[PDB]
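Heads up, the thing below is written out as structure tokens.
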Amino acid sequence: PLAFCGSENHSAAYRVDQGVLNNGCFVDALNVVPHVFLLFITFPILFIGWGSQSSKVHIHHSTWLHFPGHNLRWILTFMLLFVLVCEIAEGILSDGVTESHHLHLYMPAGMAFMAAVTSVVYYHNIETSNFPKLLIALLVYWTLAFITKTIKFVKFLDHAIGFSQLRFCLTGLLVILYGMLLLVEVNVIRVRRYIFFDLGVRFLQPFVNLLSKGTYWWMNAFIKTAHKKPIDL
Amino acid sequence: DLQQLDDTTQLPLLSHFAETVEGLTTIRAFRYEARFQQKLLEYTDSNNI
Amino acid sequence: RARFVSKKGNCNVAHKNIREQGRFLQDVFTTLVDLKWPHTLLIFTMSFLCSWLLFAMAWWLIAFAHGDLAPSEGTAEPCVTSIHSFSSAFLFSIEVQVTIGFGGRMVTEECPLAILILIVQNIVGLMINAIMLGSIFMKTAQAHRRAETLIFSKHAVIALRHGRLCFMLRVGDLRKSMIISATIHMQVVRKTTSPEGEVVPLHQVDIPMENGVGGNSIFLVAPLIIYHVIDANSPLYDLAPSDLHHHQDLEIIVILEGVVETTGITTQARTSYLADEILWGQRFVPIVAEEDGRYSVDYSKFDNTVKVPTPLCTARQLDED
Amino acid sequence: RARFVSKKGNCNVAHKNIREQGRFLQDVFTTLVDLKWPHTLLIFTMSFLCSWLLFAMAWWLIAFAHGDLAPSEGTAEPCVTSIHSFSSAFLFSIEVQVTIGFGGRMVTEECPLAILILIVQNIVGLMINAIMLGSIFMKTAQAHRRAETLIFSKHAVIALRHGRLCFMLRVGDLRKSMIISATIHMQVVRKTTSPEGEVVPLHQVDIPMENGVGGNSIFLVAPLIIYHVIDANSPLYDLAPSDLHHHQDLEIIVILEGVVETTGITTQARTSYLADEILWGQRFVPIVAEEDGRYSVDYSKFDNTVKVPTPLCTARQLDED
Amino acid sequence: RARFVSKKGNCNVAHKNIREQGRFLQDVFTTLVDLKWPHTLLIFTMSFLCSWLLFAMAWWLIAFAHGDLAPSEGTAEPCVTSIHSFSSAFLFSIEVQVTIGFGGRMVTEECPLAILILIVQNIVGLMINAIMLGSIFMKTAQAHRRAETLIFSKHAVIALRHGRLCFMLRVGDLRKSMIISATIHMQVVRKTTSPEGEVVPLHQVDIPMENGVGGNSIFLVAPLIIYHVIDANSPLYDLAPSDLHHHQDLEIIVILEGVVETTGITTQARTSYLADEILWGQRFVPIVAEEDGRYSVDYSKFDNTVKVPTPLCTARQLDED
Amino acid sequence: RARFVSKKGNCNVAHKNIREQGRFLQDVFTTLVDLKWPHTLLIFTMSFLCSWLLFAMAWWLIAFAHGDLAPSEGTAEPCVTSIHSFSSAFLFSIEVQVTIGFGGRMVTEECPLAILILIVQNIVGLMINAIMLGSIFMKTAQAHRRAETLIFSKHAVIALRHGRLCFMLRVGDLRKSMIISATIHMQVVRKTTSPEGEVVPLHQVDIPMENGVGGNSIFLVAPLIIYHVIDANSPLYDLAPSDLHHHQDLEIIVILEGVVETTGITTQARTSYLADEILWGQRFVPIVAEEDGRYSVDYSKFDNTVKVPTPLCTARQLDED
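Residue numbers (the authors' numbering), protein chains in the order written: chain A, 3 to 199, 213 to 248; chain B, 1188 to 1236; chain C, 32 to 352; chain D, 32 to 352; chain E, 32 to 352; chain F, 32 to 352.
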């Protein structure tokens, strides 16, 4: 039937007679809402701005500007992806112990995972087009995700679930990871202050994003166009 | 094709050294040491590319 | 050879190395209208379906937080009636935002926050309805599809008319609806070199359409012969008849523009003529006849060309007898 | 014998032997707007009724697939409630698509295919609603009905003016709304021979309207006299008064076009003047008089001509002293 | 004594004795937009309320013919549920045609002629919604109300500029938006006679606006001074300063027309300058100044003039010392 | 120091002392489109919410006047069913006006004044629906934000071409869709004096764009070096290269306007060039090359110059050896 937190209980666990946000299903349904906010603020502006760059309006390939904190932003985003796939597998092992698909264990972490991939490709599409006049929607996503994770963490600390059950440790890692993904305060205040405060080199390795430093995504163009062309000096 | 491009940039640097060691007294007469250093700068740059 | 605009009318430019993508984000409506059709229907049904999912999640959270979803109840009257699902609230967002309004799921007067969500859903659904249905009407109703039924001649000729060499071609309207205030722009495109050493690659310099008033304004009902007199001010003054071959740097673009009478949106039809598509010494066959009180146009003979004797040198040398 | 443009404004061209019929299907919108009125009413109600019938067959197959039409029921709820016929599903598809939504028949959340075909019926109903109501508004709002109220003169005249001989017709406006940027293109059409041997059957030669600056614009409030002065550049230069008979191939078409002020959509009004319809030696009567603080226009005296003493020879022979 | 166009811009013509009144019904749409505002709201309410009363009499005749108005009933289901009056059927026709659809009154599957009346009511209500809502938006979106925020000068001046007499006037835009491709047509209109005996009572002859390039196109951001240099080929060449009295047939009407930037619908502003409003020997004050980086335009200084010593001869007499 | 138009195209005028504020209220529609985006969102949701609150107070006075709000009831049916609050009548006004129609609250046939309030609410809701959805579509669909995607050169040049000095600059289009009938009006604006003593502070005098036919219309596919040849009739005839300093009163504005192929709404792009953005003795690089059968535009070389030898003197000094 697949409901949020099951029909398996005496009749339902949906009742809120203790209050709002004492229900674990309600604090996980509140944990959904910045990820669905970032998906429906990110997918039309990415499909308008960078799905329009088809053939016969190609790209610029020079002056990759690199808004700072860039290496630690991608290192923290890959640590966020690792702790989110641990929350997927922890919610799957929490779900399989009874029955009936208690859906609130892994559906907010899956929506957080898809919001994290669209956040990092939204940051890369901002950062290769070199204008910072966006990205405050990403900032209010990180503050919304931080306040919903710290309300989940303080309601985990209320019932004494501390450090033996692993969803306390994973929400504590995600609270300190969203607090270190409030690194966009360096981009608005400390460096470059947008809110209120090269040449014909075609090598492109030391000025590219850190995934393309890792898996060499710029070399896909050179391995593409060495077909149907010989490579001269 | 990139390996063959590495061999065709690796050849004129060693032929430049075989030019400039046998012709050292006449490259110190026609005072072109800065121009030959500019030529080996271009050759080692293309080799490292 | 690499030609400028094609025979159908789409250009061949590549537009590489655009420095700022922010100028593409300063306007979104021309980017939204200017997409292709499986992009346009995808952004249409994705904007409508994802707006119903976002407001469906908002109705599901309001029916969560009132405790309507718990069947363990008292006898208090709840917020929105018979929602006991997510997907019943997705059906409620379809019943609100399309304004179907069936009646098994109706808004009670219990929460004011549900009346706030209903006000925000009706306002954003009216705005998304106005923008996307006007955008799909502007996507269907645009005038660049009128250029497919404005035929041109496939070949252009250069022949003698009134003692002068005339660059003659043939445009053609094909349907019953006319084109109001149609205007011919003929431009020569070739790479030229200045006497002060300035080289430009596509020097789009104009040639005048010879009309009889000088201004370019045609009345295209019957297919007519657009002709340009070769004068010393015209830059086809030194065209040899042996110049007309392939790999010759010479291209002639024709630009026909006007407003469609039915739709009201200004169209533009265009074509090209390369140097191997210009046939010297020929002229077009007369394709107009009259029959039973009406003029008849034989459109199958549209680019049939008949050779005449023509003096085989330049029009500068036709001033020298 | 056979005229080009009829006197109310229709052009009498046949458009025979059209080879490429495949390029008519690359623009369906100009063909959809350019139909006649029973054809656009039939494609209107047939597109709406076939969309309702196709989705009604989809809802009937959904209720047949759930077993809802077979009334041997226990307690399982149908995925559309209270369908037990085809015609109940036709009333349900009518209630969904134009968003009436009564509530005897509503969607419950059992079949997910019912929610999918509800989304698909709302999306195709919004597309058919936007394209069809915009197409019938562009059909009834087009500006070719503004040529019915732009009354021209019935006969054009050729008279003496300022030492020259001027070809005069009279245009007229009928409404209190004006027409913005009204231009005039007077073209002669006759079967011309070239001096070099080219025969054009309808050679459209633009003659200038004499205006004061040379440019063709008028301010159409009063019914003013459009006049063209015959100089040696104009192709009426050798016209005799004995040449103006029937079975004479000489025709002047007058094209008046501008932006209608009320709609904002550009119109075109057109007429013709054959060689029997040009009165030699007469001129138009003055019909505008000043009375009671305003200006009277008498439209009953519109085509009324008075006879002038006029030299009965050609305009080239008026340059012979 | 009676001006042609007034200073506001309405035309003082009568249009008496219009014979062909049948062509006003050939365009019902431009007459439907061309009504005044209580006539537009009266035809809007009368079209919607008359269509609901027509289908209300249709649904009342259907429930009369099925006998559902007679409340002595068995267990046969009606054509439409809970109908027992005319006024309940009028509420049902309101619930169908503007697609509210409450559901206490709904249509059932007993009655196929009710389904035919529902199909005809949905088609005619969609057509009435399309033509009436597009006519309301084309009524309120037209651009003749843009001429209220286009100010002209109240006077026109004749002074000296570059040695010659120039007829100057001061057009001004009031708003922050632009008017795209704004053209000026100045038409001096008076009763002129011919040499050959023809009298024209309102002979609109043009004068060129002096732009330097000849083609009349300006850039109305700042209020600029539109001037026409009185050449020998101008019709103000014999205008003496004794001729600037009242009771004098001389009138210059100034036609500003262009496209509004916000709407895209083409406007036209018009005004006039009679012979007592044309002041000889004055010129405009400089009203444009600059402060803290921007240019400052004092609009209270707008039609203020300052007397300068000009000659008091004609422009013909200014060519002879 | 204080420039006329900025480089983004926004005009720096102040518009001080607008006296007649009441002529702004004769067009409410151009003020309604001409507001900013949070003001048009606030007037959109405030117009819809205030019409729902005004008719909700009307339905609450109807249900108070019938006595429906009293819970001490007998068996007489109310004229609106199931109203026992103000907020139930507010949900009923939401259910009527955007035509949701749930049907737990519905109009019965008791009150005639409820049927009159339903007719008045449906008419006023259709008028507010037509004007507000068309006004938000004309707000999101105007063409002045299409001017951001037209790139100009950031500097303008003066070079030798064909024996003369030519003021050259580079326009460029970044989109695949064309701009139909794109015209250029290059204007030079500076403070002039008359010989007779008239000082015009912001004098827009036009320079003609040299094209070859004497008309100013381009075909904008590739970025092209548009240019004006300095004649003795042009007012750049006495410009020295020593007069290209800062705080020289010289501004040249280049206006590009046309019809967009995507929407059909007329656009205008404009920019300016001061005396220190005009660089003497330079010319643009040729940026267009051909590659694999198409032309290619390298946009990074858009304003790069090469500094050619040029006679460092005026164009009047070019005419004297």
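We put the CB at the ideal spot given by N, CA and C, even for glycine.
Check: Assuming residue 261(C) and residue 344(C) form a contact by the criterion Cβ under 8 Å, report the distance between their Cβ atoms to the nearest whole angstrom.; Outcome: That belief does not hold up - the Cβ atoms of residue 261(C) and residue 344(C) are roughly 12 Å apart, past 8 Å.
Check: For the beta strand (DSSP E) containing residue 55(E), list its first residue and its last residue.; Outcome: No beta strand (DSSP E) holds residue 55(E); DSSP gives it neither H nor E.
Check: Does the CB of residue 197(E) have a neighbour CB from chain D at under 8 Å?; Outcome: no
Check: Buried or exposed: which applies to residue 128(F), given that a residue is buried once 16 or more other Cβ atoms fall within 10 Å of its Cβ?; Outcome: buried
Check: Please report the distance separating the alpha-carbon of residue 301(F) from that of residue 275(C).; Outcome: 41 Å
Check: Using CA coordinates, which residue listed in 258(F), 249(F) and 255(F) is at the minimum distance from residue 285(C)?; Outcome: 249(F)
Check: With three or more C-beta pairs closer than 8 Å as the rule, is the segment 42-62 of chain F touching the segment 198-207 of chain E?; Outcome: yes
Check: Quick check: what's the CA-CA separation for residue 281(D) versus residue 35(D)?; Outcome: 11 Å
Check: Is there a Cβ from chain B that is less than 8 Å from the Cβ of residue 236(A)?; Outcome: no
Check: Let's test the definition: count the other Cβ atoms within 10 Å of the Cβ of residue 335(D) and tell me whether it reaches 16, buried, or not, exposed.; Outcome: exposed
Check: Need the endpoints of the beta strand (DSSP E) that residue 212(E) sits in, please.; Outcome: 210-224
Check: Please confirm if the segment 178-188 of chain E is in contact with the segment 301-310 of chain E, defined as three or more CB-CB distances below 8 Å between the two stretches.; Outcome: yes
Check: Mind listing the chain A neighbours of residue 48(C)? Cutoff is C-beta to C-beta under 7 Å, in chain order.; Outcome: 62
Check: With a threshold of 6 Å on Cβ separation, who are the neighbours of residue 308(C) within its own chain once the five nearest residues in sequence on each side are excluded?; Outcome: 186
Check: Along the beta strand (DSSP E) that carries residue 350(F), what are the first and last residues, could you check?; Outcome: Per DSSP, residue 350(F) belongs to no beta strand (DSSP E) and is neither H nor E.
Check: Should residue 290(C) go down as buried or exposed, given a rule of 16 or more other Cβ atoms within 10 Å for buried?; Outcome: buried
Check: Using the beta-carbon of each residue, which ones in chain D are nearer than 7 Å to residue 134(F)?; Outcome: 134
Check: Thinking just about the alpha-carbon of each residue, which of 267(E), 259(E) and 321(E) is nearest to the one in residue 32(F)?; Outcome: 321(E)
Check: May I have the straight-line CA-CA distance separating residue 251(C) from residue 306(D), to the nearest angstrom?; Outcome: 22 Å
Check: Measure the C-alpha to C-alpha separation of residue 244(D) and residue 240(F) and round it to an integer number of angstroms.; Outcome: 21 Å
Check: Strictly by DSSP, which residues pair up with residue 105(C)?; Outcome: Answer by DSSP bridge pairing: none, since residue 105(C) is not bridged.
Check: Do residue 67(A) and residue 132(A) have their beta-carbon atoms positioned less than 8 Å apart in this structure?; Outcome: yes
Check: Taking 8 Å as the cut-off, decide whether the C-beta atoms of residue 134(E) and residue 133(D) are in contact.; Outcome: yes
Check: Enumerate in chain order the residues of its own chain whose CB-to-CB distance from residue 257(D) is below 8 Å, with the five nearest sequence positions on each side excluded.; Outcome: 199, 200, 201, 202, 215, 217, 240, 249 and 285
Check: Nearest to residue 332(D) by CA position, among 148(D), 60(D), 283(D) and 254(D), is which residue?; Outcome: 254(D)
Check: If you measure from the beta carbon of residue 281(D) to each beta carbon in chain E, is any gap under 8 Å?; Outcome: no
Check: Give a yes or no on whether 8 Å exceeds the smallest Cβ distance from residue 326(C) to chain D.; Outcome: yes
Check: When the Cα atoms are used, what is the spatial distance from residue 114(A) to residue 232(A)?; Outcome: 25 Å
Check: Using a Cβ cut-off of 7 Å, pull out every chain D residue sitting near residue 258(C), in sequence order please.; Outcome: Going along chain D, no residue has its Cβ under 7 Å from residue 258(C), so there is no contact; the nearest lies around 10 Å.
Check: Taking C-beta pairs closer than 9 Å, name the residues in chain C that residue 239(A) reaches, listed in chain order.; Outcome: Within chain C, no residue comes near residue 239(A); the closest Cβ sits about 16 Å away, beyond 9 Å.
Check: Are the segment 1220-1231 of chain B and the segment 18-33 of chain A touching, with three or more C-beta to C-beta distances below 8 Å?; Outcome: no
Check: Give the straight-line distance between the Cα atoms of residue 341(E) and residue 346(C), rounded to the nearest whole angstrom.; Outcome: 55 Å
Check: Hey, could you find the ends of the beta strand (DSSP E) residue 310(F) is sitting in?; Outcome: 309-311
Check: Could you tell me whether the Cβ of residue 87(D) comes closer than 8 Å to any Cβ of chain C?; Outcome: no
Check: Look up residue 28(C) in the DSSP assignment and say whether it is helix, strand or coil.; Outcome: In this structure chain C extends from 32 to 352, so residue 28(C) is not present and cannot be described.
Check: By the three-class DSSP mapping on this structure, what secondary structure does residue 237(F) have?; Outcome: strand
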